[PDB]
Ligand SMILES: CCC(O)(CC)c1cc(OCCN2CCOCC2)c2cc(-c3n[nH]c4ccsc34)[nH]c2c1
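The form solved without the named molecule is given below as one chain in structure tokens.
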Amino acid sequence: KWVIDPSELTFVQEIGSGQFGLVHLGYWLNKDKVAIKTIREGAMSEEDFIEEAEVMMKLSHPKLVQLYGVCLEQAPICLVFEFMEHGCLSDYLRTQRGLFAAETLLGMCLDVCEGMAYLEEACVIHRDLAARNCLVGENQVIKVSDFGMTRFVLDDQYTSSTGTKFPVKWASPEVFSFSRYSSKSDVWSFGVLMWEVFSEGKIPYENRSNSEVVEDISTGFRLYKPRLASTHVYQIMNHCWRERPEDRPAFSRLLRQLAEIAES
């Protein structure tokens, strides 16, 4: 069962503050050290979320951050995850900028790609794949997290394509135009995530407003080649940013292509 009783959790240290509240380093009884995220009431549709728990808790892969269960006895509810010691990918790239070998950066993209190829095979759409949603664990392993979470987020300005805070920077044209989510729209976000990785955590389209990103993309404009991405890597990135989802490679194809580049 996904239900975790409050007595089965101990909060040890405050890791930080997320979007929906607080994040703590804690311990889960007879199991493991965990990351506990407290969710502010009204931030998410808790009822729709718990409905998918039985099926969704079964998803498990070395390249996905495991969400163990939910402590929901009283409000505010808690999400219990595996502990990722180095935090989010975006901050890890930014603070270690200039200390990354190109193979480590490539290796980081490969970790996400394997995670995403597992979700694709399982027919699970992330919807908001970005470096901020990936975590760094022991020995610099990258794991994907927060997949499918935007289907429960209650802020309309983030979820709706015409919303003021819609994450347009990682959106494929069919996503920004119609909210037509697929593993192929995730492939576009993955292409953007690779750019964040090779740029050492720079903000994609930092010099553009939401509407300007939409006009640039529609007119065929793309993110420039990061200094650390080889021409072979930048071509793979561009394949992710193909206007028609059908011309984009699947994560299963990307995994075989990227591994051949890495393995030489």
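In case it trips you up, residue 1 is the first one in the sequence shown, and so on.
Remark: stretch with higher mean C-alpha B factor among 60-68 and 203-211 is 203-211. Higher average CA B factor: 159-167, of the stretches 159-167 and 129-137. Across the options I142, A75, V187, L193, the residue with the most elevated CA B-factor in the record is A75. Sort the chain's modelled residues by C-alpha temperature factor and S172 lands in the lowest third, per the entry.
Annotation for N238: CA B-factor lies in the lowest third of the chain's modelled residues. In the deposited entry, the Cα temperature factor of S183 sits in the bottom third of values across the chain's modelled residues.
The deposited CA B-factor of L254 belongs to the lowest third of values across its chain. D32: CA B factor in the highest third of modelled residues in this chain (values from the PDB entry).
We do not show the form deposited with the named molecule bound, though everything after this point is about it.
Here the chain stands alone, but in the entry with it bound its contact with the named molecule, taken as any heavy atom within 4.5 Å, falls in 82-90 among 167-175, 82-90, 101-109, 181-189. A35 is the sole member of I236, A35, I217, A229 with a non-hydrogen atom lying within 4.5 angstroms of the named molecule in the entry with it bound.
When the named molecule is considered in the entry with it bound, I15 lines it closely, a heavy atom lying within 4.5 Å.
The closest heavy atom approach of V23 to the named molecule in the entry with it bound falls within 4.5 Å. In the entry with it bound, at least one heavy atom of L135 sits within 4.5 Å of the named molecule.
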